[PDB]
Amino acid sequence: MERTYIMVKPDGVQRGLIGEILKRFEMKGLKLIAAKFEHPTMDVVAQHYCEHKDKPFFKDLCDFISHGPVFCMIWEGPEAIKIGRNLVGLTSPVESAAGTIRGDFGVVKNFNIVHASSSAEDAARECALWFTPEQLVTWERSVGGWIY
C-alpha cells in the first residue's frame, strides 16, 4: 500500500494533456489523494532534482521546471509506485510501448510529458516535498472494495 508522486511537466501542460493523464490514473483505480496546478519555486525544483546536484544539465533542467507551470498529484494504492511507472512508460518515449503516456504522446526524453516516482524512497520525499500535509485529502470510495 503506497503513494506515488505524479507530475505533469510543462510540456504536458502546453500540449493540453493534464486531463488525459489524470483520467488514465483515475481509470486505473488508484485513489486520488492530492492535486494542484502550480508555478513551482526554484528551491522545490532544486530539491526535487537533488540527485543531479552537480552535473552540467542541472541548471537548464531546474530552469525548465521552475518556469512551469506543472500539475501535481499524489495517487494511492497497492504498488502504486510501480503502477505509475507502468502507466507513464520508459524514460525515453521512443522506447515506450504504445498505450503508455510516453508511448502515446512523447517523442524525445527532454520532453517526456510527465514525471512518476521511481522508488519508495523517491516517492516518500516527493510526496512530502510537493504537497503540504493539509493538502492531503482523506475520503472513502464507495466503489473502493471492488478495486482492491
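We number the residues from 1 along the sequence you see.
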message: Averaging CA B factors per stretch from the PDB record, which one is higher: 88-96 or 105-113?
response: 88-96
field: Between the two ranges 21-29 and 127-135, the one averaging a larger CA B factor in the entry
entry: 127-135
message: Sorting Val70, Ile83, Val44, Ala34 by Cα temperature factor from the record, which one lands on top?
response: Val44
- request: Report the third (lowest, middle or highest) to which the CA temperature factor of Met1 belongs, ranking only the modelled residues of the same chain.
  value: highest
